[PDB]
Amino acid sequence: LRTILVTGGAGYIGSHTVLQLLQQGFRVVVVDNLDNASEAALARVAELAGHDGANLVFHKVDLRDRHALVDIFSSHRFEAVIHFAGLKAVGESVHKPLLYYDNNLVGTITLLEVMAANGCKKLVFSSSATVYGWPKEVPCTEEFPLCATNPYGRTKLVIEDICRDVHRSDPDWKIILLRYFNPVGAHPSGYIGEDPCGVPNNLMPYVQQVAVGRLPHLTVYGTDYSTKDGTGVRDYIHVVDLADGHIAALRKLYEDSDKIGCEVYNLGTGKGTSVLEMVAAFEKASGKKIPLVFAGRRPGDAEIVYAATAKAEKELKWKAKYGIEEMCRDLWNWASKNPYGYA
Amino acid sequence: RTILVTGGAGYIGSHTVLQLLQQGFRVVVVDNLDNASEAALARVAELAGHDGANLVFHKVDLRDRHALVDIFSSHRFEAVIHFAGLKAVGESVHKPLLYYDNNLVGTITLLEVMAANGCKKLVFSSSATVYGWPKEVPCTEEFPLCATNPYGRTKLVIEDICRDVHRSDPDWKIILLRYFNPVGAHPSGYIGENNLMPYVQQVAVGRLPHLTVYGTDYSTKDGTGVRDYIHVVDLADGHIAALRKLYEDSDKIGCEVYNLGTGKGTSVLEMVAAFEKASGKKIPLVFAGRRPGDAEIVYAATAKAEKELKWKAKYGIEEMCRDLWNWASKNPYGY
Ligand SMILES: NC(=O)c1ccc[n+]([C@@H]2O[C@H](COP(=O)([O-])OP(=O)(O)OC[C@H]3O[C@@H](n4cnc5c(N)ncnc54)[C@H](O)[C@@H]3O)[C@@H](O)[C@H]2O)c1
Ligand SMILES: CC(=O)N[C@H]1[C@@H](OP(=O)(O)OP(=O)(O)OC[C@H]2O[C@@H](n3ccc(=O)[nH]c3=O)[C@H](O)[C@@H]2O)O[C@H](CO)[C@@H](O)[C@@H]1O
Ligand SMILES: CC(=O)N[C@H]1[C@@H](OP(=O)(O)OP(=O)(O)OC[C@H]2O[C@@H](n3ccc(=O)[nH]c3=O)[C@H](O)[C@@H]2O)O[C@H](CO)[C@@H](O)[C@@H]1O
């Protein structure tokens, strides 16, 4: 038996990773306070897991709840921990920074302490390409200068530094930091997917709601950038590909862990795609038309960001297999099948 | 006028509490006593003279939200001076989570309790360590910031937290004070304290045989490291000025950062010579290579602090060594 602890597994990226984990034969324990997710996402993952659905156990616990967390760790043998949990809305983080510093930092510090006290010192952390700030060049390698422009991005960069300091003090720690780029899409079944609250802030969940008629038009944030068509360019990666990156991270920690301490890997496709190109791909995949409103640049937006995949391909032995066309297909499938989410 | 002082039983905190007690403030100190004795605040109450009755102490950890909420509901604080936290750099590298927990989680809880109680006026004890190895000197508040150890990272992260908090809530008035190198003690010799001058003192009395000079080939005038050493009583006065600035000229304050230094740079050998004159003892030396992570030369740009904060250091190197020797001679085994 191989058991994995997954914080925030009820959420968007976590649920898709939990499903892949169950299909690989892992036992999965999820810890999630359901603050930005519902039980339904986990129940449907259990259903998609077929026979392996019973290998998923859900604990409705906050990572800051130290006693509830010790109970879980002292009553389990965890091979590793995948740490998805945290708040992630950039706008909300600027307006309520203490909420973000509290939930993300105190939750992570508590988790790391409970892990070290219960002999589990293998960790995979959800970092983000936001730590590259506004990069001076592309593609972004893992050695690019790091910075943060908002409280949310600050919590990611600080947790990274905490993980590096922790390994520096204790060589028994094996930590892989995964800098996600822009995940889009859903499981190709259309049964699970991203279910954002309120008005979505990311591009593709917004275009999604325009396509099903819930919102009237997409607002394009700035057209005067130095890109092909003036819109921002991003590295869009299929969420299923992001999930498989975590499987490859566990395989790295399980088979070739003597040569790692606290490592960082990009999880991207290496291809840059503009806003209009994504809208064009979603119109082709869905047959719907996305009305456009043109506005100025969004404060804090980068111009062009995509990943240098060489390091992940070499050390993790991992490369994304889904392209833009499949991402929009699977997003539309989840969208048309579940236009109002899990509710 | 009541002021909450976290970490007020410590080195810099006790001296600030004494200066506050002499200025006529009621002072409530919160300190878990994990790195300080209660005898320090007992002696401070003595030196406060007729004002000793204004000091109130609570042995409370900042992470204890329930206890911390009760103290804030018991008084109406004008502002909070935040000294509390761990500061041993070597203890930050070997035990980083202990530092990230105590400093960050303690500070987060305090800022939240402050906001809920309505006391959004903060003076935070930062450090010139955030200037890393400066490319030029003197170091202004605009210099690029970076941390080189877990302790320094907690200092820089707390500064950014205060930056973000004020940005989200204009009712907040925050002053960040970057200390430099504290030296000395209250001139009475009654209170005081990993650093050069405490190491020099142990060599003077004989607890240690010699002082290792870490690096002799620096691009300085005598080849040894240069720092901005500031009297701890001057540091205490800098916080009185920070409260004066918050209480008077406050409408143009958001999250202001002020250096607290003398503006003068003194080498290692110059401090050894200064302490030998004030103590009469001799300091045998052993010259060694550069210590890893050590800045070459660092000292403060004091122009911003002299104008807007209306503060300037009063004490020089000679008096620092005199008060340090005075306190350590009369109390060789501490409190
Ligand atoms: N979503 C993205 O586009 C993206 C890209 C880069 C990085 N990331 C990071 O990847 C991770 C996963 O993102 P996501 O899209 O799945 O987000 P999500 O909000 O869908 O999932 C995060 C989950 O964590 C849970 N959670 C939050 N605080 C918790 C706490 N204190 N204790 C327990 N559970 C808690 C939430 O309830 C939620 O279910 C996050 O850490 C995010 O910051 C996100
Ligand atoms: C500043 C900011 O919020 N950055 C976050 C976001 O931005 P990031 O810009 O990377 O991603 P978004 O999905 O928010 O935006 C993608 C692109 O589409 C454009 N766009 C987006 C939404 C919309 O309604 N209209 C529109 O035109 C943007 O200008 C951008 O060029 O990416 C990640 C989310 O997964 C986070 O790690 C980043 O912190
Ligand atoms: C690694 C470390 O501890 N950093 C702390 C230290 O740095 P900082 O170097 O500024 O102060 P130190 O007391 O450690 O020594 C200052 C100077 O004396 C020299 N020296 C010191 C001791 C010795 O035994 N021999 C010798 O030659 C140093 O090289 C340096 O040039 O003082 C500050 C006190 O406020 C703290 O903020 C810093 O976090």
Side-chain angles (χ1 to χ4, degrees), chain A residues 1-88 99-100 102-126 155 159 163 175 178 187 191-192 194-195 197 239 242-243 246-247 249-250 253 341-343, chain B residues 97 101 105:
Chain A
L1 193 76
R2 294 174 68 191
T3 312
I4 301 296
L5 191 274
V6 177
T7 83
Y12 172 40
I13 309 177
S15 60
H16 286 79
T17 302
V18 161
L19 174 58
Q20 305 293 107
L21 288 167
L22 295 172
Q23 294 169 341
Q24 304 282 297
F26 287 95
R27 176 168 298 181
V28 180
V29 173
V30 163
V31 174
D32 197 307
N33 64 347
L34 299 177
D35 198 71
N36 197 43
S38 58
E39 301 102 337
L42 289 180
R44 295 196 184 188
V45 166
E47 179 176 341
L48 290 168
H51 202 218
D52 303 323
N55 299 332
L56 164 61
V57 180
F58 169 55
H59 298 250
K60 189 183 172 301
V61 163
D62 194 301
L63 295 185
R64 295 168 292 188
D65 190 334
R66 183 181 302 268
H67 179 241
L69 200 61
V70 170
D71 283 338
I72 294 173
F73 275 89
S74 63
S75 69
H76 286 81
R77 294 167 68 247
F78 286 136
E79 162 176 319
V81 173
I82 310 185
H83 179 29
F84 293 103
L87 300 168
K88 73 176 181 168
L99 181 70
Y100 271 64
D102 193 320
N103 183 89
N104 290 6
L105 294 195
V106 186
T108 301
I109 293 172
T110 305
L111 174 60
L112 291 174
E113 297 169 327
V114 176
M115 285 179 61
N118 299 256
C120 180
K121 300 182 178 187
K122 294 194 175 184
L123 171 72
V124 168
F125 172 62
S126 303
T155 63
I159 289 169
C163 289
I175 300 168
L178 297 177
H187 191 263
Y191 197 44
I192 61 181
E194 183 176 16
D195 189 3
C197 188
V239 60
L242 262 196
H246 294 80
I247 307 290
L250 290 180
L253 291 165
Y342 297 112
Chain B
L97 288 181
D101 191 315
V105 185

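Scope of the values below: all heavy atoms of this structure, side chains included, with no hydrogens, waters or symmetry mates. Throughout, a chain's letter reflects where its sequence line sits, starting with A, and its residues are numbered from 1.
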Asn104(A) side chain to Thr155(A) backbone, donor-acceptor under 3.5 Å = no
key: Parallel, tilted or perpendicular, as decided by the 30° and 60° cut-offs, for the rings of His187(A) and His16(A)   = tilted
query = Are the side chain of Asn118(A) and the backbone N or O of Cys120(A) linked by a donor-acceptor pair below 3.5 Å?
reply = no
Closest non-hydrogen atom pair between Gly107(A) and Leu63(A), with its separation = O-CB, 3.8 Å
request  = Check whether any side-chain heavy atom of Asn55(A) sits under 4.5 Å from a side-chain heavy atom of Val28(A), and report yes or no.
outcome  = no
key: Non-hydrogen atoms of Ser38(A) and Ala10(A) that approach each other most closely   = O-CB, 4.2 Å
query = Does the pair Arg66(A)/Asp101(B) count as a salt bridge with the N-to-O cut at 4.0 Å?
reply = yes
task = May I ask you to decide if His83(A)'s main-chain N or O and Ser126(A)'s side chain share a donor-acceptor pair within less than 3.5 Å?
result = yes
inquiry  = Once rounded to the nearest 0.5 Å, what's the spacing between atom CG of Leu21(A) and atom CD1 of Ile82(A)?
reply    = 5.0 Å
message = Once rounded to the nearest 0.5 Å, what's the spacing between atom CG of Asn103(A) and atom CZ of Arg64(A)?
response = 4.0 Å
task = Only counting residues at least two apart or in another chain, list the ones meeting ring pair (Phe, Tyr, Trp, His ring centres under 6.0 Å) with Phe58(A).
result = none
query = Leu42(A) and side chain to side chain contact (heavy atoms under 4.5 Å, CB included): which partner among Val57(A), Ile192(A), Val30(A)?
reply = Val30(A)
Distance, nearest 0.5 Å, that separates NZ of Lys121(A) from CD1 of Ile175(A) = 10.0 Å
ask   = If only atom types and distance count, is the side chain of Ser15(A) paired as donor or acceptor with the main-chain N or O of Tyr12(A) below 3.5 Å?
value = yes
query = Taking atom CD of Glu39(A) and atom CG of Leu34(A), what is their separation to the nearest 0.5 Å?
reply = 5.0 Å
Beyond-backbone contact of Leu105(A) with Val105(B), side-chain heavy atoms, under 4.5 angstrom = no
Within 6.0 angstrom of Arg77(A) CZ, more than 12 heavy atoms from elsewhere = no
ask   = Any donor-acceptor pair under 3.5 Å linking the side chain of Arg44(A) with the backbone of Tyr191(A)?
value = yes
remark   = Output for pair (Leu5(A) CG, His59(A) NE2), nearest 0.5 Å, gives 8.5 Å
task = Search all heavy atoms of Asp195(A) against all heavy atoms of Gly341(A) and return the closest pair with its distance.
result = OD2-CA, 3.4 Å
ask   = Residues in ring pair (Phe, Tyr, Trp, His ring centres under 6.0 Å) with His246(A), at least two apart?
value = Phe84(A), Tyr180(A)
